[PDB]
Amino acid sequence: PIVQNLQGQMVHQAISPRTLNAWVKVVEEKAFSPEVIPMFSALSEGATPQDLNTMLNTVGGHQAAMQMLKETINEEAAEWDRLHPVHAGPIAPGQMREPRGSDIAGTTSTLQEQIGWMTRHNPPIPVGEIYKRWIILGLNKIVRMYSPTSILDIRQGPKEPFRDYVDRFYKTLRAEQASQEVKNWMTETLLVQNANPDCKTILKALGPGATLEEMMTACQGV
């Protein structure tokens, strides 16, 4: 990482063992669950591409998945390159070279260089955050593909305490590919459409606009 300030002494510190080890254990245990992704970001705070590469390389197993991530990152790199057209020019003394897709994925650049882009002169290029975004995209893809099931098959059981049904439904929701608007839509429509008949009733008896707390409170007594 590169530790921040608005007047303090900035530093380039490499990933700690605590951080590193944490990451290995999360992947080792949790496989491909949505929380893994926030954990990744959390552990990656202020990370440079080298740090990011480090975290990704140290995973053993899930080699299919770690390959899809490489494909995804490659595509992001190509897109970056189309839009950011390279110059045929000599980088003059007193200038830093413009970064290409691969330099941002950390493969074609030095720690120094990555360190420089994030610091720069006046114009700042946060390659760590950019690359981090590419990696989260691929991780999203992977989480989706490894989601055991479709949101439409979340049906509340006959003896299922409403709270537990809500727990399954939103868990499955977090792993879907859809956007905010679709999630909004699925929330109203499918939460009450898929509840058990005993409850489906009471929830209808609150009309079309009531908070989740109201609903859970409503369905508390069976």
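In case it trips you up, residue 1 is the first one in the sequence shown, and so on.
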Checklist entry - Comparing 17-25 with 205-213, which has the greater mean CA B-factor as deposited? => result 205-213
Checklist entry - On average, which has the higher Cα B-factor in the deposited entry, 183-191 or 57-65? => result 183-191
Checklist entry - Which listed residue, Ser41, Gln177, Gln50, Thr172, has the largest C-alpha temperature factor in the record? => result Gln177
Checklist entry - Going by the entry, which of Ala105, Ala88, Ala78, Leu139 has the most elevated CA B factor? => result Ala88
Checklist entry - Hey, what third does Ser109 fall into on Cα B-factor, ranked over its chain? => result middle
Item to check | CA B-factor ranking of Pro197, expressed as a third of its chain | outcome: highest
Next on the checklist: Is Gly157 in the lowest, middle or highest third of its chain when residues are ranked by C-alpha B-factor?
Outcome noted: highest
Checklist entry - By the record's CA B-factor, is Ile135 among the lowest, middle or highest third of residues in the chain? => result lowest
Checklist entry - If you rank every modelled residue in this chain by C-alpha B factor, which third holds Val127: lowest, middle or highest? => result middle
